[PDB]
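Undergrad: For the record, in the sequence shown the residue sitting at position 235 is 325 according to mature numbering (1 follows the signal peptide of the UniProt record, and there is no 0), with numbers rising by one throughout.
Don't be surprised by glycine CBs; every beta carbon is placed ideally from N, CA and C.
So that we are looking at the same thing, I have put the structure below in structure tokens.
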Amino acid sequence: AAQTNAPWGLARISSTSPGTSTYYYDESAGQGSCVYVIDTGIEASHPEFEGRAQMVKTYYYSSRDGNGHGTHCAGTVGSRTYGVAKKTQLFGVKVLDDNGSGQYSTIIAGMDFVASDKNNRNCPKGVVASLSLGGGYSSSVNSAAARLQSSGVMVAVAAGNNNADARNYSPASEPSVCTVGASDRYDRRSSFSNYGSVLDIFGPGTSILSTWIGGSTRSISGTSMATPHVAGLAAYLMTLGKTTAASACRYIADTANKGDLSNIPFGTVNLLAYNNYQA
């Protein structure tokens with residue numbers, strides 16, 4: 091399949107080269123896979139999700155995304171226009187309130203929820219969790235992400251937007267999950283993107299056009315926005331049978347575009363998420 095005039099991020103993950111605008115992907119498109127977007131919630135009613143998105147858990151008075159961030163990340167995972175896995179199932183876990191903040195206990199409970207709730211969902215191709223959140227280091231938040239990963243979910247997490255080593259951020263510093271840094275359309279590390287040995291992959295992170303609340307769209311930047319690319323890519327790869335949840339991050343890194351990003355600090359992987367699709 092070929093989605094012309096796609097967001098640069100989608101085009102980049104299906105390209106060996108920057109500066110293309112067409113997203114190429116196997117039409118299976120993550121069908122039969124599931125991606126939990128653990129974030130501010132998902133506006134499931136957004137036409138871009140085609141009824142494949144839905145809130146499964148909130149820790150606040152409403153499951154509605156009153157922020158837009160979770161809807162934006164869900165749109166990058168699996169929205170029809172802005173999504174990597176255009177036929178994956180999207181499950182919203184609202185662990186962040188409508189300023190996009192959340193206590194670590196709430197975030198941890200949301201991760202533990204996904205580890206169990208995937209047994210309540212039909213995901214024969216596999217389960218992915220997109221964690222476009224992060225704060226200071228917390229061994230309990232790291233362990234929660236490791237548990238989610240261990241449960242048979244691909245956990246993709248944002249490296250953080252601190253322009254620092256992601257070792258001091260959670261769940262970015264959890265080694266078992268897939269820590270995603272942010273790159274821009276010119277294959278440069280996003281100026282805000284965290285780095286360090288803990289990063290496993292870079293995704294498109296700067297000026298990422300995706301769904302927004304109010305049935306709208308907008309372009310925003312963050313490692314939180316490279317993350318749904320990798321999360322959607324895993325869901326896409328797992329559906330193709332190319333990899334499993336335990337091995338998706340290692341597989342994405344093996345198949346990533348190598349040595350093409352600039353301003354990657356010494357010691358940080360120079361790997362850009364790549365679907366390796368050959369049309």
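DSSP puts residue 268 in a beta bridge; with which residues?
TA: Walking along the sequence shown from the start, residue 268 turns up at place 178. The partner list for residue 268 (beta bridge, DSSP) reads 246.
Undergrad: Since residue 124 is in the beta strand (DSSP E), which residue starts that stretch and which ends it?
TA: Taking the sequence shown and counting its residues from 1, the one referred to as residue 124 is at position 34. Where residue 124 is concerned, the enclosing beta strand (DSSP E) stretches over 123–129.
Undergrad: Would you check if the segment 130–142 and the segment 271–286 touch, i.e. whether three or more CB-CB distances between them fall below 8 Å?
TA: As far as the Cβ criterion goes, the segment 271–286 does not touch the segment 130–142, which means the pair count is below three.
Undergrad: Pick helix, strand or coil for residue 215, following the three-state DSSP scheme.
TA: The residue given as residue 215 occupies position 125 in the sequence shown. Correct three-state label for residue 215: coil.
Undergrad: Go through its chain and collect everything with a Cβ distance to residue 163's Cβ below 6 Å, but skip five positions before and after it.
TA: Locating residue 163 in the sequence shown gives position 73, counting from the first residue. So the qualifying residues of the chain are 127, 129, 220, 222 and 318.
Undergrad: For the beta strand (DSSP E) containing residue 206, list its first residue and its last residue.
TA: As a working mapping, residue 206 is identified with position 116 in the sequence shown. From DSSP, residue 206 is part of no beta strand (DSSP E) but of the alpha helix (DSSP H) over 194–207.
Undergrad: Rounded to the nearest angstrom, what separates residue 157 and residue 304 at their Cα positions?
TA: Indexing the sequence shown from 1 puts residue 157 at position 67. Indexing the sequence shown from 1 puts residue 304 at position 214. So the alpha carbons of these two residues sit roughly 10 Å apart.
Undergrad: Under 8 Å: do the segment 173–186 and the segment 207–218 share three or more Cβ pairs, one atom per stretch?
TA: Taking 8 Å as the limit for Cβ pairs, the verdict is that the segment 207–218 does touch the segment 173–186.
Undergrad: Measure how close the beta-carbons of residue 146 and residue 185 come, nearest whole angstrom, since I'm counting them as under 8 Å.
TA: Locating residue 146 in the sequence shown gives position 56, counting from the first residue. Locating residue 185 in the sequence shown gives position 95, counting from the first residue. Contact flag wrong, Cβ pair sits at about 12 Å.
Undergrad: Cα separation between residue 263 and residue 346?
TA: Looking up residue 263 in the sequence shown gives position 173. Looking up residue 346 in the sequence shown gives position 256. Going by the C-alpha atoms only, they are around 21 Å apart.
Undergrad: Are the CB atoms of residue 293 and residue 363 within a distance shorter than 8 Å?
TA: The residue you call residue 363 lines up with position 273 of the sequence shown. The residue you call residue 293 lines up with position 203 of the sequence shown. Yes; because the gap between Cβ atoms is below 8 Å, this pair is in contact.
Undergrad: Kindly indicate which residue of 289, 122 and 227 has the alpha-carbon position closest to the one of residue 208.
TA: Position 118 of the sequence shown holds residue 208. Selected option, being the one with the closest Cα: 122.
Undergrad: Can you tell me which of 240, 310 and 260 puts its alpha carbon nearest to the alpha carbon of residue 334?
TA: Counting from one through the sequence shown, the residue named residue 334 turns up at place 244. Ranking 240, 310 and 260 by Cα distance to residue 334 puts 240 first.
Undergrad: So what does DSSP say about residue 183, is it helix, strand or coil?
TA: On the sequence shown, residue 183 is found 93 positions in, with the first residue counted as 1. Three-state result, residue 183: strand.
Undergrad: Within 10 Å of its beta-carbon, does residue 418 have 16 or more other beta-carbons around it, so buried, or fewer, so exposed?
TA: With the chain running from 91 to 369 in the structure shown, residue 418 is simply not present.
Undergrad: In angstroms, rounded to a whole number, what distance separates the CA positions of residue 106 and residue 234?
TA: Within the sequence shown, numbered from 1, the residue matching residue 106 stands at position 16. Within the sequence shown, numbered from 1, the residue matching residue 234 stands at position 144. Between residue 106 and residue 234, the C-alpha separation is close to 34 Å.
Undergrad: Using only CA atoms, which one of 131, 151, 152 and 150 lies nearest to residue 144?
TA: The sequence position of residue 144 within the sequence shown is 54, counting from 1. The shortest Cα separation from residue 144 among 131, 151, 152 and 150 belongs to 131.
Undergrad: If you run the structure through DSSP and keep just helix, strand and coil, what is residue 347?
TA: Residue mapping note: residue 347 aligns to position 257 of the sequence shown, counting from 1. Residue state, collapsed to three classes: strand.
Undergrad: By a C-beta neighbour count over all protein chains shown, 10 Å radius and 16 as the cutoff for buried, is residue 151 buried or exposed?
TA: Taking the first residue of the sequence shown as 1, we reach residue 151 at position 61. So residue 151 ends up on the exposed side.
Undergrad: In angstroms, rounded to a whole number, what distance separates the CA positions of residue 273 and residue 203?
TA: The residue given as residue 273 occupies position 183 in the sequence shown. The residue given as residue 203 occupies position 113 in the sequence shown. Roughly 30 Å separates the two Cα atoms.
Undergrad: Determine, for residue 320, whether the minimum Cβ-Cβ distance to residues of chain B falls below 8 Å.
TA: Structure shown: chain B not included; a single protein chain is present.
Undergrad: Determine the contact status of residue 101 and residue 112, defining contact as a CB-CB distance below 8 Å.
TA: Working through the sequence shown from its first residue, we reach residue 101 at position 11. Working through the sequence shown from its first residue, we reach residue 112 at position 22. Yes.
Undergrad: Kindly indicate which three-state DSSP category residue 294 falls into: helix, strand or coil?
TA: For the purposes of this step, residue 294 is identified with residue 204 of the sequence shown, where counting begins at 1. Strand.
Undergrad: Count the other C-beta atoms from every protein chain shown that fall within 10 angstroms of the C-beta of residue 355, then say buried if there are 16 or more, exposed otherwise.
TA: In the sequence shown, the residue the question calls residue 355 occupies position 265. Exposed is the call here.
Undergrad: For residue 276, count neighbouring C-beta atoms within 10 Å of its own C-beta (all shown protein chains included) and say buried if the count is 16 or more, exposed if not.
TA: Indexing the sequence shown from 1 puts residue 276 at position 186. Per the 10 Å Cβ criterion, exposed.
Undergrad: Who are the Cβ neighbours of residue 224 in its own chain at under 6 Å, not counting the five residues just before and after it?
TA: For the purposes of this step, residue 224 is taken as residue 134 along the sequence shown, with counting starting at 1. Answer for residue 224: 248, 250, 259 and 262, listed in chain order.
Undergrad: Between which residues of its own chain and residue 199 is the CB-CB distance below 8 Å, once the five residues before and five after are set aside?
TA: As a first step, residue 199 must be located in the sequence shown, where it is residue number 109. Closer than 8 Å at the Cβ level, and outside the excluded window around residue 199, lie 149 and 185.
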